[PDB]
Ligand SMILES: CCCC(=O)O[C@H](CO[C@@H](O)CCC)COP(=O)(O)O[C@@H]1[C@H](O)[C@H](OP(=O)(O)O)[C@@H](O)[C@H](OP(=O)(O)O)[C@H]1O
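A single chain, nothing else alongside it, follows as structure tokens in the form deposited without this ligand.
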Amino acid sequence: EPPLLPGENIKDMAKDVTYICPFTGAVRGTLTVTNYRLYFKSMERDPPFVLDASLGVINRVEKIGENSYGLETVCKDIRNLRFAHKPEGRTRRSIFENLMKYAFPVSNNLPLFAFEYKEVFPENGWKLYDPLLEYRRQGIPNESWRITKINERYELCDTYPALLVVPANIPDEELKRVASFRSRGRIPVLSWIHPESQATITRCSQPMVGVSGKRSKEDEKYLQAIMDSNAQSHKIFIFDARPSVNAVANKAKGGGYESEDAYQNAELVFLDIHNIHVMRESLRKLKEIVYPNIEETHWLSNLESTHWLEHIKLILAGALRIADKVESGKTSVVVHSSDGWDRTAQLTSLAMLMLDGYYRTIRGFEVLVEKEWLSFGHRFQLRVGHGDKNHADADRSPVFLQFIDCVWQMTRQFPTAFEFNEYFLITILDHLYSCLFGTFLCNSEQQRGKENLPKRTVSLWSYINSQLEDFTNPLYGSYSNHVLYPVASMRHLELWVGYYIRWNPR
């Protein structure tokens, strides 16, 4: 039986169930389903064979010689579990239907387990990010950057946070017109500012140029304002995440990019970072060659054909170029993609980790994610698909998992630079799927507000901070050359075996 959490109770049980381990072979024992997890335990071994998996990691439940009547569960953490029952046992129809029921609460009008979890913690992780204090830590407001309240009721842009930082001399009536030219109203707003130089990383969605080469004076002058806010007003850079050919296909459909005609003091650079469907396919290919068994002779070329490490390379390379342009070049940059909520989050949050050691602290990382991922409107419910049985949904993608891989890469190249360790990163990716906490539910701050998550769920980061000992890097604290420059090369980057090939007892 499973050691139960507060709020968690057993919806089903089954004896003499066989799990077929592809490493250790067939093994028999007891399969429990709760409203949070799937537990399998076997006293036919020493040490006892244990399978402790939250329902949230389940992507599909499939019906299925020796041991060929049972259940397969495709998991979101790079494994499949498959079980066997008996033809004269008849538990399979009970266990299938209760997994199907409790694995997919959103599909079955049931509560996610985050809402039933009644554990208490010493700190409230929901009070850890204060938008106003984080800007203060950076020195905002100031003479060039003011806080507007125009979006405190989500009227300008319903997938942004309440408080937006914008250039001081641009007033609220001009922002309304700029919102009409930026896809979904996602206008350029301050992510981060350099303390010594006043150079900024701002972020937005794509400009609505379209087939006819449309322009916006106020948008153009908005970008000029960003450039004008920097002391050494050299030039402004615009990093578009997408490949050129994808940005041009966007233009055919209403979107597009900043022409050098219209944004006369701007350099546009395309970063050749592909869209969500590509990344989803990439991870799917990677899962196929890594689990259950790795074919050794074609290992390197199979890995190449997934493109997983090429995508990781490009993402960090993009972040590197942005970071270098702010730090070395003293120049302000504007980061956008199509919708400015997947690739852009990756790009700003990674550049910000390079630039500012605050975000390398456990507490500062929890802020970084809350700010740039949650507050800025990354669509986690859609991207991860919590408790929803449409496994084929085209709107699912590992964009956030890709971010955490890129961070791991940085920890390997700088093992003294982060207060957190590898286990913290894995733990984040366990709770990205688990739905134990409310942290990664909903698609915007506004939805998080309406569902009232802070009063109705526990914050992941409340748990983490009760347990800092398990997550701290012992070697931390002696990297006072405060800017990190990792090497984005196929020789330097490694496959995160720790995460993607962890289920082998070896």
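Throughout, rigid core stands for the largest set of C-alpha atoms superposing within 1.5 Å between the two forms. For every residue, the number given is its place in the sequence shown, counted from 1.
Between stretches 342-350 and 229-237, greater average Cα displacement in 4 other deposited structures of this protein relative to the shown form, fitted by the core, falls on 229-237.
Taken in 4 other deposited structures of this protein and fitted on the core, 302-310 and 86-94 differ in how far their Cα atoms move from the shown form, and the one that moves more is 86-94. Coordinates are given for every deposited residue between residue 51 and residue 52; the gap count there is zero. As recorded in the PDB entry, 8-16 is the stretch of 494-502 and 8-16 with the greater mean C-alpha temperature factor. According to the PDB record, 22-30 carries the higher mean C-alpha B-factor of the two stretches 438-446 and 22-30. Within the listed group 270, 403, 365, 83, the record reports its top CA B-factor for 83.
Looking at 242, 217, 396, 311, the one whose CA carries the top B-factor in the deposited record is 217. Ranked by Cα temperature factor within the chain, residue 221 sits in the highest third according to the deposited record. Ranked within its chain, residue 476 lands in the middle third, by CA B factor from the PDB record. Among the modelled residues of the chain, residue 467 sits in the middle third by CA temperature factor in this PDB entry. In the deposited entry, the Cα temperature factor of residue 281 places it in the lowest third of its chain's modelled residues.
Annotation for residue 64: C-alpha temperature factor in the highest third relative to the rest of the modelled chain, per the entry.
The same protein has a further form, the form solved in complex with this ligand, not shown here; the description that follows concerns it.
When contacts are defined as a non-hydrogen atom within 4.5 Å, none of 60, 92 and 98 contacts this ligand in the bound PDB entry. Taking non-hydrogen atoms only, residue 325 never approaches this ligand to within 4.5 angstroms in the bound PDB entry. Residue contact with this ligand in the bound PDB entry: residue 206 places a heavy atom within 4.5 Å of it. Among heavy atoms of residue 432, none comes within 4.5 Å of this ligand in the bound PDB entry. Contact annotation: residue 142 falls outside 4.5 Å of this ligand in the bound PDB entry, judged by heavy atom distances. Between this ligand and the residues 250, 159, 427, 229, the one pair within 4.5 Å by heavy atoms in the bound PDB entry involves 250.
Residue-level contacts in the bound PDB entry: of 356, 77, 339, 372, one residue has a heavy atom within 4.5 Å of this ligand, and it is 339. Picking from 283-291, 297-305, 252-260, 123-131 the stretch near this ligand in the bound PDB entry, with a 4.5 Å limit on heavy atoms, gives 252-260. Heavy atoms closer than or equal to 4.5 Å to this ligand in the bound PDB entry belong, across 382-420, to the residues 383, 395, ordered by sequence position.
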